[PDB]
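Next up: just one chain, as structure tokens, the form deposited in one PDB entry.
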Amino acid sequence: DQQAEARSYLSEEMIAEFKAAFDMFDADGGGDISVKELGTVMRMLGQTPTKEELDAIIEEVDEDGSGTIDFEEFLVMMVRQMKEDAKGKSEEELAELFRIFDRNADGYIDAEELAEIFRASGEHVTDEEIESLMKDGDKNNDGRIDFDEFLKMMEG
């Protein structure tokens, strides 16, 4: 089920990129990645994992209990890393967006700060538009916009 889902998330084109990586990691070309093969790749990345630590990573994926990671398990592993990064890059955009707007960085975006950003972006925006904006974001009605409110406004 997890592998089927993983598969559906990737394109032919992505799978083949991953078969290639998989094949490289698969040092003996046997079709599945062992604790030894994974360690070589991790050591390479500069880490010092113990055999138990490698065994653990494999368990994250190991749905047939072989103690090794085969291709179907590899994509699940890759897709999990792909979704985590996308999520992490998405959050970084939001944190920094809020940081650009909050020029006096008191942790809140006010109507003036809001205006300057659109101003700076090169777009028109009327005092009525900003007003509408500030009133739809101000959920606790204190006139300013906090990170909680901003997020709600962003992801909508």
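Start at 1 and count along the sequence shown; that's the residue number. Take the two forms, superpose them, and find the largest set of C-alpha atoms that agree within 1.5 Å; that set is the rigid core.
Mean C-alpha B-factor is higher over 125-133 than over the other stretch, the pair under comparison being 125-133 and 51-59. Here the stretch with the larger average CA B-factor, out of 135-143 and 21-29, is 135-143. Looking at 64, 37, 96, 102, the one whose CA carries the top B-factor in the deposited record is 102. Among all modelled residues in this chain, the alpha-carbon of residue 92 has a temperature factor (C-alpha) in the highest third. Among all modelled residues in this chain, the alpha-carbon of residue 109 has a temperature factor (C-alpha) in the middle third. Split the chain's modelled residues into thirds by C-alpha temperature factor. Residue 69 is in the lowest one.
We do not show the form deposited in another entry, though everything after this point is about it.
Once both forms are overlaid on the rigid core, the distance between the two CA positions of residue 49 between the shown form and the other one is 2 angstroms or more.
When two forms of a protein are overlaid on their rigid core, residues whose CA moves 2 Å or more are considered shifted, and residue 88 is not one of them between the shown form and the other one. Residue displacement note: residue 69 has its CA displaced by under 2 Å between the shown form and the other one (rigid core superposed).
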